[PDB]
Amino acid sequence: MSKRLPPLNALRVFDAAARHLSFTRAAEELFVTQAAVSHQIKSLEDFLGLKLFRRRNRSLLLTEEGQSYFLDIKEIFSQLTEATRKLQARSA
DNA sequence: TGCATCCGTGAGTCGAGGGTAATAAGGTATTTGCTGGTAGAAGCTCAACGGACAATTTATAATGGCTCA
């Protein structure tokens with residue numbers, strides 16, 4: 001069974017969506033456009049089947065459907081960036 | 001002109017078992033000839049690496065809606 005992992009892009013914008021509280025401001029930190037955020041939520045939804053946020057006026061709140069899947073994203077990028085540091089540091 | 005004398009001929013499809021034997025010497029030395037064995041060519045063959053192209057992703061461009069005070 002081929003292990004269909006989540007896309008390499010939807011995960012990082014998902015962490016900055018909660019911190020920045022705004023989707024437009026979530027794109028300036030990742031030097032991308034705001035339209036790229038909505039492109040990747042659907043592809044990752046194929047595995048989840050749960051909606052990631054609940055709409056609020058001029059605000060972004062947390063829903064339990066996507067909340068379970070927040071807790072298994074923020075540690076992936078932490079260690080891989082650490083991983084980049086280790087080879088780079090030992091190379092020097 | 002008569003005499004032995006020699007030389008081919010004398011059917012054919014079919015079946016079954018189907019092949020045997022009187023006998024003969026030992027040396028020497030030299031020479032030839034093959035046969036596996038073991039090393040060289042040589043001849044692949046699987047396993048890693050370098051250099052163009054296209055199905056698939058992504059992000060970039062708008063576009064048109066869903067929301068409170």
# chains A, B, ... in the order shown; residues from 1 in each chain; ligands from 1
>>> select_by_dssp(residues="chain A", states="alpha helix (DSSP H)", output="PyMOL selection string")
chain A and resi 10-20+23-28+35-48+64-70+74-91
>>> residues_around(residues="residue A:73", least_positions_apart="2", cutoff="9 Å", atoms="only C-alpha atoms (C1' of nucleotides)", output="number ranges by chain")
A: 11-12, 14-15, 69-71, 75-77
>>> interface_residues(of="chain A", to="chain B", cutoff="8 Å", atoms="only C-alpha atoms (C1' of nucleotides)", output="list in words")
residues 32, 33, 36, 55, 56, 57 and 58 of chain A
>>> atom_distance(atom1="atom CA of residue A:64", atom2="atom CA of residue A:2")
28.6 Å
>>> select_by_dssp(residues="stretch 5-89 of chain A", states="strand (DSSP E or B)", output="PDB file with C-alpha atoms, in the first residue's frame")
ATOM      1  CA  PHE A  53     -11.539  26.401  10.152  1.00  0.00           C
ATOM      2  CA  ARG A  54     -14.897  28.009  10.895  1.00  0.00           C
ATOM      3  CA  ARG A  55     -15.669  31.370   9.314  1.00  0.00           C
ATOM      4  CA  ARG A  56     -15.918  34.420  11.569  1.00  0.00           C
ATOM      5  CA  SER A  59     -11.473  36.793  12.778  1.00  0.00           C
ATOM      6  CA  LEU A  60     -10.355  33.163  12.592  1.00  0.00           C
ATOM      7  CA  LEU A  61     -11.400  30.626  15.227  1.00  0.00           C
ATOM      8  CA  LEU A  62     -10.535  26.987  15.885  1.00  0.00           C
TER       9      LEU A  62
END
>>> closest_residue(among="A:6, A:84, A:21, A:78", to="residue A:45", atoms="only C-alpha atoms")
A:6
>>> residues_around(residues="residue A:37", least_positions_apart="4", cutoff="8 Å", atoms="only C-alpha atoms (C1' of nucleotides)", output="list in words")
residues 10, 13, 23, 27, 33 and 41 of chain A
>>> write_last_selection(atoms="C-alpha atoms", output="mmCIF file, in the first residue's frame")
data_model
loop_
_atom_site.group_PDB
_atom_site.id
_atom_site.type_symbol
_atom_site.label_atom_id
_atom_site.label_comp_id
_atom_site.auth_asym_id
_atom_site.auth_seq_id
_atom_site.Cartn_x
_atom_site.Cartn_y
_atom_site.Cartn_z
ATOM 1 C CA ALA A 10 -0.252 22.633 2.897
ATOM 2 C CA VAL A 13 0.689 27.483 5.741
ATOM 3 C CA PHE A 23 -5.214 34.195 5.612
ATOM 4 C CA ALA A 27 0.883 34.466 2.775
ATOM 5 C CA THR A 33 0.018 34.634 -2.590
ATOM 6 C CA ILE A 41 -6.647 22.831 1.835
#
>>> atom_distance(atom1="atom CA of residue A:52", atom2="atom CA of residue A:17")
10.3 Å
